[PDB]
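J.: Once you've had a glance at the structure underneath, I'll fire off some questions.
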Amino acid sequence: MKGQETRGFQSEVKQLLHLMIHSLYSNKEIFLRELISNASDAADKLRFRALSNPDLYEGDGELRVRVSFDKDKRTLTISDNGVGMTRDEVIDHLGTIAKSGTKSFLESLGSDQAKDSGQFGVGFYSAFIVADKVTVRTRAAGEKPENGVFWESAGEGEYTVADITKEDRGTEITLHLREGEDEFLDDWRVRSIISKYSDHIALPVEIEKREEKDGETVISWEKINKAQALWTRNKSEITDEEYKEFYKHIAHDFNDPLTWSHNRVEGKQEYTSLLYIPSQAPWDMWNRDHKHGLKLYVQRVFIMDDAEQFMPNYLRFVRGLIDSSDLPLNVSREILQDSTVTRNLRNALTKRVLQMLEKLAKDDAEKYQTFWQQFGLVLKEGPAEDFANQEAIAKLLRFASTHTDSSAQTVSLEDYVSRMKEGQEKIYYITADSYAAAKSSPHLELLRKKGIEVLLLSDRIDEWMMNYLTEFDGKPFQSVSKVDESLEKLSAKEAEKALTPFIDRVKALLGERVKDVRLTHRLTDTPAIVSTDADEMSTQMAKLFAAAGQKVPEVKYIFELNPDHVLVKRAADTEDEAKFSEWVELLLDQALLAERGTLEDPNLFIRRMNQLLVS
Amino acid sequence: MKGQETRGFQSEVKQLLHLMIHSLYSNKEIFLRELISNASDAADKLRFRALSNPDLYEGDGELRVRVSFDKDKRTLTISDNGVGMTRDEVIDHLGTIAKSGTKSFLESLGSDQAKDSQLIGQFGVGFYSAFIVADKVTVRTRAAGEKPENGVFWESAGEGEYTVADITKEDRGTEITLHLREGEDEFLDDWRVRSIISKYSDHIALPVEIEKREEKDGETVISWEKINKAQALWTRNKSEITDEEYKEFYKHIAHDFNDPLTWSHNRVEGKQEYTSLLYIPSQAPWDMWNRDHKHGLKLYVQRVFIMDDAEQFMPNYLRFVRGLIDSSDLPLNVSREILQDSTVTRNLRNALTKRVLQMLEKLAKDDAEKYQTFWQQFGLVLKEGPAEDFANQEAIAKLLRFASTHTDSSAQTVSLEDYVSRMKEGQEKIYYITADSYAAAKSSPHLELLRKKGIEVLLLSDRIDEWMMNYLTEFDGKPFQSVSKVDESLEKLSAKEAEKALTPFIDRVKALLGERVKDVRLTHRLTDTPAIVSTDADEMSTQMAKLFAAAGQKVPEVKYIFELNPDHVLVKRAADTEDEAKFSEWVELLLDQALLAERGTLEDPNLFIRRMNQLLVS
Ligand SMILES: Nc1ncnc2c1ncn2[C@@H]1O[C@@H](COP(=O)(O)OP(=O)(O)O)[C@@H](O)[C@H]1O
Ligand SMILES: Nc1ncnc2c1ncn2[C@@H]1O[C@@H](COP(=O)(O)OP(=O)(O)O)[C@@H](O)[C@H]1O
């Protein structure tokens, strides 16, 4: 009680209050609606101020208003851990009364309504309709605990204000009840009153429950809005069917979910989250910015159907709903996109989703396959679009490769390294327009012969993904379509040779069309085969430019020939200039079609071969 | 004045009105705001009722409220072609007074406010405001739909008694004639009235027109002048705007910075009523090919903004069209939902689609240079049209453009007209090839004969073409046929000297292959291609199969018809060889050879090659 002060006005102010407050005499019970409300606005206000300077919570997350009693000293004590008032605030609000109150009262005065008639609303001072001493202790978030404020009043023209201390933020309204009004010590009656409000109110209202049992008299706090909330009953009450049914409902889909993660986070930010992974990518999947899924609730209340915001694009299949508290109701997409809390909440959830997937892949690779069937093409965005997890994503990735004679893709990157052979340092992949070309490329035949596992990438986004996905578990990625100096020496030497003459003859004949001509011990039954390395525009990269419809960039190709194949030698020998020309030409076109895939003239190659057969 | 009747309900009602109406005495001018408003709600109400039963307009589109005078009989006549009242309506509204008026007046009564001073300028009376400056209000009105004889008359002195009578007026709406009071000559000044009304007109919903006369050209004219002018670059008619002005505009309302290739800006009076301005961009933006999101059309209502961007007034195959349409008589407050419930949408859409297509046709008459740039940018979209909007499949197909034999540039510039134009005598059909790429098209086996005789063939290389054709059936009397399907029309179409017949050969291939090819034949598709494979017979065509492939379903079985060229080396040379293994190798090489040239993306270039390998090795 330091710095005490009585501010203590007069005359028929003393009277005026014994007027208005008494006007409410018909529906006294109002004073609850009014006080409970104030406690709401308190919290939500604090919530909002905590979108920013995070430490405004001082740790304690749960915001609640608690109604307690004393059938002894006959007190009814409403208290909230809201934002609370400072000293000035106190004296300027509690100090005065209710601007809207007096106002609508005054302009009401003297009208038939006014004179001959419960129609009204005073404010905070409503309390004095059932109290004869209102005693406020409070301290406002942020302020050192010593900056508390005391406010007693008789509900006349004079109140007392004093600096106190309380090591626990919020507002403690202690009503000293009047003779007669014992009706408001019935924790029931209070309950039943407040219940009508609590479906507009913004806050947990907890009521003191003194129930005696075991001989020992316990006091619980009973939240009077239990909340019909299938994402509230913890993971040990719910049926797998219950979950399934739920997702069904809030998805307008009717297949079962493949899996779900439903958790509850206390602490920094505070929220109950439930997420599903569907089994059937809907229609909209690959259209529009419209991403749906996440329903955002605030305080077990509905805000918006659907924010794409708490989900990164490469998981825009995730359905479900997150239910925040400590996110201020009234929030909307804009407001979120201005706060940081969004950034954080997003990231956390992304973790939760990825985990949920990892586990699905441990526990039911049957179902999980069905997942990757449905969504893999989306998850393959991930690596380009959230480096912070490029690991825990890549694991989730799945591929088709050499050691699997099936279009379907089921190869884990783990499953790759696992059955890697001793000494093998790199992870090899081919990138073609189609599974076909992949499985059956010239670049394949050696590795496929030695048995080495090659990866079969047939989706256009792959030619994208790789550029970012660099290296898994210590083993970097390399591509068969790019002849390296590592495989350049993999066993083959007993009796060498040299077939220079016509290779310089091919070099001369072609000119700049191919950047180089060589032999290569890529001893596939394939005669000729064309590559490009040297940090130049790779072949599918070109096709990618084609596919986004820009000028297909020039390819610097490296013609390679197979010294151990019929047609290689047989053309190599012929000494007719016209015939030979026809032959090396047939060989190149042959290799081209096998690389550039969609050969921009299958006829032309054919026609050259036609003549080579005709004449 | 048929069926006349004087009703009145009395007492200190006669007095009560000389109370409230007189409460407004401070700001008499109010009676304008009030009447003008009523005329607004009138129109907009009618507008809304005309989202449905279309004929509610009786033709006449422009909705306006007109203030006229008479410095003679001292009348001020406000009139609207709004929705108007029926008889019951009259007696139930005009008949009584003002519910909100009396109400807020009553609960006001006896309070300090009420008592003192000119606070009496608080208790807002309604229609009856008129009697604050009138001493005789005379209403003639008839409500949309009702036969013109169901008009209603309503005179009143502004006491407790009004007269109502059935009259007739062959012109919908509400005619409020105020008989002005001694003193209040202030409201015959067409100016003062104007200047008053101007403050309102920025919330009002309607054209307010004032009677503006001048003895000019010797003669005294009466022009109706509108109060607001509207800063509206789509209002000044086509004879008051700069090509730069237009260009700048599109730029702005597109967030694009290239110039438009063309525009159509017109004004429709009549059934539905609206000023439309549309542009054809020069650069298809990013979003072009993937969004449940069209943009472009900005919908204004009464020179007011409604929504940025509707996709209901444009069909998909023109979703590049940018611009804005400005309806009147589309009821403001309308939104996508409401439109998609009305029919007016259906109609408005269709009309615009016409206007767009026309705008294009003309572009193709008057600057084929630019138009090419158009088709470069948007053709792939316009090629949806034929499958989408049968009602114009003509005026679309003309706009279509292709590459064909009688050019050898990848670029496509051939009008269908340009095709038939240089068709040869007797040639009845229009031929096309459908390949994965310009290459294959230009250089297909099916080509070489037609290309030799000189006959123009169409080179379709985009995947949607294999779609479009199925619907685009026949242009200007000449049906479409495809080279990839050997018909019995070209089957008989030059220099045939020595003739005979092979049979051991053809039947030996038939036996060797079995069911793999449905038939084996010769064909005078004579040219430097040996073997070539087709199918006809109303069976699954080749690209149709590829289309199933491309939507990723089980690639349906193709019933192929092997054909051979009796006049080519390799044809004969394999034909003669009598070794069973060698010959097998040869007919096999011939088939694989033809396959790759049809099925294009040959699902094993190696396999064909390997067969040829052996045919060269051993
Ligand atoms: N539990 C509370 N926590 C923080 N401020 C409160 C609390 N209860 C009342 N207040 C403050 O007092 C109110 C304003 O005072 P006033 O305008 O005089 O009307 P009244 O005091 O009746 O609500 C609220 O606006 C709020 O700022
Ligand atoms: N020009 C008008 N056209 C159609 N109805 C009108 C017109 N002017 C007044 N009304 C009708 O009369 C009004 C209702 O009457 P009422 O409730 O007694 O108040 P007031 O007559 O003063 O507007 C409007 O709601 C409207 O329906």
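Heads up, the Cβs are rebuilt from the backbone with ideal geometry, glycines too, and the neighbour counts pull from every protein chain shown. Basis: the model, the stated rules and, where named, an outside source; no laboratory read-out is quoted.
J.: Regarding segment A:32-43, can at least one residue be identified that is part of a helix (DSSP H, G or I), away from ligand 1 (no atom under 13 Å from the Cβ), surrounded by fewer than 18 Cβ atoms within 10 Å (Cβ to Cβ) and more than 14 Å from chain B (Cβ to nearest Cβ)?
T.: no
J.: Let me ask you something else. Hey, residue A:99 hits all of (1) touching a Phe, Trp or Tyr at 6+ places or on another chain (Cβ under 7 Å); (2) surrounded by fewer than 20 Cβ atoms within 10 Å (Cβ to Cβ) but one; which does it fall short on?
T.: The number of the failed condition is (1).
J.: I'd like the full set of residues that are of a type outside the set (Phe, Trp, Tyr) and assigned to a loop (DSSP other than H, G, I, E, B), limited to segment B:297-320.
T.: Hits for segment B:297-320 are B:297, B:302, B:303, B:304, B:308, B:309, B:310, B:311, B:312, B:314, B:315, B:319.
J.: Oh, and also: Please return the ranges of strands (runs of 3 or more DSSP E) entirely within segment A:136-242 where 2 or more residues are within 16 Å of ligand 1 (Cβ to nearest atom). Before you say what the answer is, go through the steps one by one.
T.: Working: elements: A:148-153, A:158-164, A:170-177, A:205-213, A:216-223.
The qualifying strands (runs of 3 or more DSSP E) are A:148-153, A:158-164, A:170-177, A:205-213.
J.: So is residue B:370 over 27 Å from residue B:43 (Cα atoms) and either within 19 Å of the chain's Cα centre (by Cα) or buried (at least 21 other Cβ atoms within 10 Å of the Cβ) (or both) or not?
T.: No; evaluated as a whole, the condition is false for this residue.
J.: Yes or no: residue A:412 surrounded by 15 or more Cβ atoms within 10 Å (Cβ to Cβ) and not assigned by CATH to the domain that holds residue A:467?
T.: For residue A:412, the condition - surrounded by 15 or more Cβ atoms within 10 Å (Cβ to Cβ) and not assigned by CATH to the domain that holds residue A:467 - is not met.
J.: Is it true that residue A:493 is surrounded by fewer than 16 Cβ atoms within 10 Å (Cβ to Cβ) and over 31 Å from the mean Cα position of the chain (by Cα)?
T.: In short, yes.
J.: Which members of segment A:338-362 meet the condition of being within 15 Å of residue A:395 (Cα to Cα) and of a type outside the set (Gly, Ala, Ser)?
T.: Once the filter is applied, which keeps residues that are within 15 Å of residue A:395 (Cα to Cα) and of a type outside the set (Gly, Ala, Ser), segment A:338-362 yields A:351, A:353, A:354, A:355, A:356, A:357, A:358, A:359, A:360, A:362.
J.: Counting only residues that are of a type in the set (A, V, I, L, M), in a loop (DSSP other than H, G, I, E, B) and either more than 8 Å from ligand 1 (Cβ to nearest atom) or farther than 15 Å from residue A:41 by Cα (or both), how many does segment A:73-95 have?
T.: 1
J.: On to the next question. Which one of these is over 34 Å from the mean Cα position of the chain (by Cα) and among the aliphatic types (A, V, I, L, M): A:201, A:194?
T.: Just a single option satisfies the conditions, and that option is A:194.
J.: For segment A:19-36, how many residues are within 14 Å of residue A:173 (Cβ to Cβ) and either of a type outside the set (D, E, K, R) or within 16 Å of ligand 2 (Cβ to nearest atom) (or both)?
T.: Here the count works out to 4.
J.: Just the residues that are hydrophobic (A, V, I, L, M, F, W, C), within 14 Å of chain B (Cβ to nearest Cβ) and in a helix (DSSP H, G or I), please, taken from segment A:519-546.
T.: The first filter runs over segment A:519-546 and keeps only residues hydrophobic (A, V, I, L, M, F, W, C), leaving A:519, A:523, A:528-530, A:534, A:537, A:541-542, A:544-546.
Still in the list and also within 14 Å of chain B (Cβ to nearest Cβ): A:528-530, A:546.
Scanning segment A:519-546 gives a single hit, A:546.
J.: In addition: Given A:172, A:181, which one is in contact with a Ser or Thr (Cβ under 7 Å, 6 or more places away or on another chain) and of a type outside the set (A, V, I, L, M, F, W, C)?
T.: Selected residue: A:172, the only one of A:172, A:181 that is in contact with a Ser or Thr (Cβ under 7 Å, 6 or more places away or on another chain) and of a type outside the set (A, V, I, L, M, F, W, C).
J.: Output the qualifying pairs, or none if there are none: Cβ atoms under 7 angstrom, residues six or more apart or on different chains, first residue in segment B:336-361 and closer than 16 Å to residue B:55 by Cα, second residue aliphatic (A, V, I, L, M).
T.: B:342/B:51; B:344/B:51; B:344/B:330; B:345/B:339
J.: Ok, one more. Is there a residue being touching a helix residue (DSSP H, G or I) at 6+ places or on another chain (Cβ under 6 Å), within 14 Å of chain A (Cβ to nearest Cβ) and of a type in the set (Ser, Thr, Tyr) anywhere in segment B:459-479?
T.: Yes: segment B:459-479 contains one or more residues that are touching a helix residue (DSSP H, G or I) at 6+ places or on another chain (Cβ under 6 Å), within 14 Å of chain A (Cβ to nearest Cβ) and of a type in the set (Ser, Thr, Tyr).
J.: Next up: Which one is farthest from the other protein chains (Cβ to nearest Cβ), of the residues in segment A:547-573 that are of a type in the set (A, V, I, L, M) and surrounded by 16 or more Cβ atoms within 10 Å (Cβ to Cβ)? If you could, list the steps in order and put the result at the bottom.
T.: Initial filter on segment A:547-573 (of a type in the set (A, V, I, L, M)): A:547-548, A:552, A:555, A:558, A:561, A:566-568, A:571-572.
Among the residues that remain, those that are also surrounded by 16 or more Cβ atoms within 10 Å (Cβ to Cβ) are: A:555, A:558, A:561, A:567-568, A:571-572.
Values: A:555: 16, A:558: 20, A:561: 15, A:567: 7, A:568: 11, A:571: 10, A:572: 14 Å.
Only one residue tops the list, namely A:558.
J.: Still on this model: What tally of residues in segment B:569-618 results from selecting those that are aromatic (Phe, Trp, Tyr) and within 21 Å of residue A:599 (Cβ to Cβ)? Steps first, answer last, please.
T.: Quick first cut of segment B:569-618, residues aromatic (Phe, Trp, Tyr) only: B:583, B:586, B:608.
Filter again for within 21 Å of residue A:599 (Cβ to Cβ), leaving B:608.
Count: 1.
J.: Looking only at segment B:593-618, filter to residues that are touching a strand residue (DSSP E or B) at 6+ places or on another chain (Cβ under 9 Å) and more than 7 Å from chain A (Cβ to nearest Cβ); which one of those is farthest from residue B:530 (Cα to Cα)?
T.: Only one residue fits best here, namely B:599.
J.: Within segment B:104-111, can one find any residue that is polar (S, T, N, Q), away from every other protein chain (no Cβ under 14 Å) and more than 9 Å from ligand 2 (Cβ to nearest atom)?
T.: no
J.: Just checking, which of A:248, A:244, A:295, A:291 is under 28 Å from residue A:387 (Cβ atoms) and not aromatic (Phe, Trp, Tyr)?
T.: Checking each option against the conditions leaves just A:291.
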